[PDB]
Structures are given as structure tokens and as C-alpha cells.
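Let's start with one chain on its own, the form solved without the RNA, as C-alpha cells.
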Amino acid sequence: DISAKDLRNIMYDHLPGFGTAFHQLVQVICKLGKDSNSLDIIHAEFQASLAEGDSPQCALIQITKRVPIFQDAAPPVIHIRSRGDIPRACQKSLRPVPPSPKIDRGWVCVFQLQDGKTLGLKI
């Protein structure tokens, strides 16, 4: 039975670079997937997209569109001290939070900073 960590490493293994917006999307898919006992369907969708010839990035997006727990779901909020705690490769993908952000429209997560500032991570 695949764990979140294992699924994470599996997806990380398919991604170029480190600490990119897609890496954080993996973190989010795995955490929300674990909480909803869906690590198995998520792994299978991911593998099936690759087998279709989709890029891993495309496959991760397909998950957010085809696995039921992400459809119409708001991005998770993640409390961090400062903006520096966010990975360098993610810094340019940070945006003001729109009124109704959705994971299946590219909003991976919302970072809530200590002093009240918020930033969404966009793909």
C-alpha cells in the first residue's frame, strides 16, 4: 500500500528541477490525497497519463481535473513565517489571491504569512 511519501518521491522522480510550482503541486496532491484515502486512484491516474504519453506536468494537472476530490476544490492554506520560506523556483509563480481560487484552475495552494499577507501559487 503506497504511502504519501512514496507517491511524492515517485512524482518528484518525473519532474525536472527542484522546488518548482509542480513540486509543490505534488506535495498538495499527496497531502489532500492522503486525507481522502485516494493515494491509490491518484497514483493510477498519474501512471495512466504517462502511459498515454502525457508529460508529467500535464499528468499532474489531469489529476486535479479527473480525481473527484480536487474538482471544484479550493486550494489548501499553508501557514509559513515569511516569503523566504517559499522555494526559489516558486517565487515567480506567486500571485495575489483572487476571489475564488480553485485547484483545477491552477491555484496550487495559498501561503498565509505570519504578518497576515497571503499569496497563491499559480500554474
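Sequential numbering from 1, following the sequence displayed.
From this point on, the text means the form solved in complex with the RNA, which you will not see here.
Contact annotation for the candidate site: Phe22, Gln57 and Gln62 all lie close to the RNA in the deposited complex (heavy atom within 4.5 Å). Of the heavy atoms in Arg105, some are within 4.5 Å of the RNA in the deposited complex. Using a 4.5 angstroms limit between non-hydrogen atoms, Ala4 is distant from the RNA in the deposited complex. By the criterion of a heavy atom within 4.5 Å, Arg95 is counted among the residues contacting the RNA in the deposited complex. Among heavy atoms of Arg66, some come within 4.5 Å of the RNA in the deposited complex.
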